[PDB]
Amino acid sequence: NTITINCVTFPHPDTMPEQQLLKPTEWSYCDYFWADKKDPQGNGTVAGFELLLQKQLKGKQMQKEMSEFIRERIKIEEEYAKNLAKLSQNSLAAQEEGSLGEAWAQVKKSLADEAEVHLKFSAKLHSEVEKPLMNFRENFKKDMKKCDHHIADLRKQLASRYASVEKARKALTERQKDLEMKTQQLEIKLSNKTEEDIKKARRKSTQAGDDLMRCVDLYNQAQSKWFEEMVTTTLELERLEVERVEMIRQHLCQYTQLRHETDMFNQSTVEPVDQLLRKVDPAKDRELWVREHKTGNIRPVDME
């Protein structure tokens, strides 16, 4: 008829009529985690809900690790900027003069500019990617545990109710036996003091049957409460996982855009050097130099 596994009742075996999915054909949490998972390695049994929770937790661990990756990237960029900046301060070939000297100086200064660009890049990574990836929903900690214990407690109630039901089944079958006995005693010899006990047996028996019906009802109520809770919570988990994926995609797109625009900014720093390289004139340089270093403008002549 039906079957009970871990205090929960399912159809049996069956090739039964029914059953349409709750959300076709999304692979929803609310449709595929009713049975409990028996680990095949022999470490106990857990509700499917536990699988959902572990999946969520793992998701958060993942976004943490991503954040860490970005932190490492930031560190690399800072070292790069550091080196570029120090090299920009280098005094190599500083005594080169003229428009050539100007262009060279501008090359070094351009190095400084690149360094600043990459530093700001790393800062933007920090504010707009690393911290958001990390600091996303810090408060899942005991909250999700709370949810867990909630569902678990509902399962507790279910188990209790099942126990009560089984007890009722015992009492019922027992009383039935007692009545079917005492009616045989009425078949052998009433009497009249024996008879009202035969009536009382019927009383207590039917009473026990009503007790059974009651216990079964309360069981079904417990399972239905557990059911509705299961549904709402699992859908909540589905939504949360989806939006996790969404925010991560968003911030990775952020990373890509920052990379792109940072490389544009970086490329734009050699243009000043280019402007000066075009203005380089060997003749003008030479004349400037001769103007500052001449020994005199008189030519030799013959003696006497």
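Residue numbers here begin at 1 and follow the sequence given.
**Q** According to the deposited model, is the average Cα temperature factor higher in 206-214 or in 70-78?
**A** Going by the record's values, the stretch with the higher mean is 206-214.
**Q** Please work out which of 26-34 and 248-256 has the higher mean CA B-factor as recorded in the PDB entry.
**A** Per the PDB record, 26-34.
**Q** Per the entry, which of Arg155, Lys109, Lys124, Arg175 tops the list for Cα B factor?
**A** Within the set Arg155, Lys109, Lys124, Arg175, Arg175 shows the top C-alpha B-factor.
**Q** I'd like to know which of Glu238, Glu65, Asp39, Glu261 has the highest C-alpha temperature factor in the PDB entry.
**A** Going by the entry's C-alpha B-factors, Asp39 comes out highest.
**Q** Comparing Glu287 with the other modelled residues of its chain, is its CA B-factor in the lowest, middle or highest third?
**A** Bottom third by C-alpha B-factor.
**Q** Sort the modelled residues of this chain by their C-alpha B factor and say whether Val129 lands in the lowest, middle or highest third.
**A** Its C-alpha B-factor, which the entry lists for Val129, ranks in the lowest third among residues of this chain.
**Q** Place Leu186 in the lowest, middle or highest third of its chain's C-alpha B-factors, as listed in the PDB entry.
**A** Top third by C-alpha B-factor.
**Q** How does the C-alpha B factor of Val301 compare with the rest of the chain: lowest, middle or highest third?
**A** For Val301, whose C-alpha B-factor we compare with every modelled residue in the chain, the answer is the lowest third.
**Q** Determine, from the deposited record, the chain-internal third of the Cα B-factor for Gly59: lowest, middle or highest.
**A** It belongs to the middle third of the chain when residues are ordered by C-alpha B-factor.
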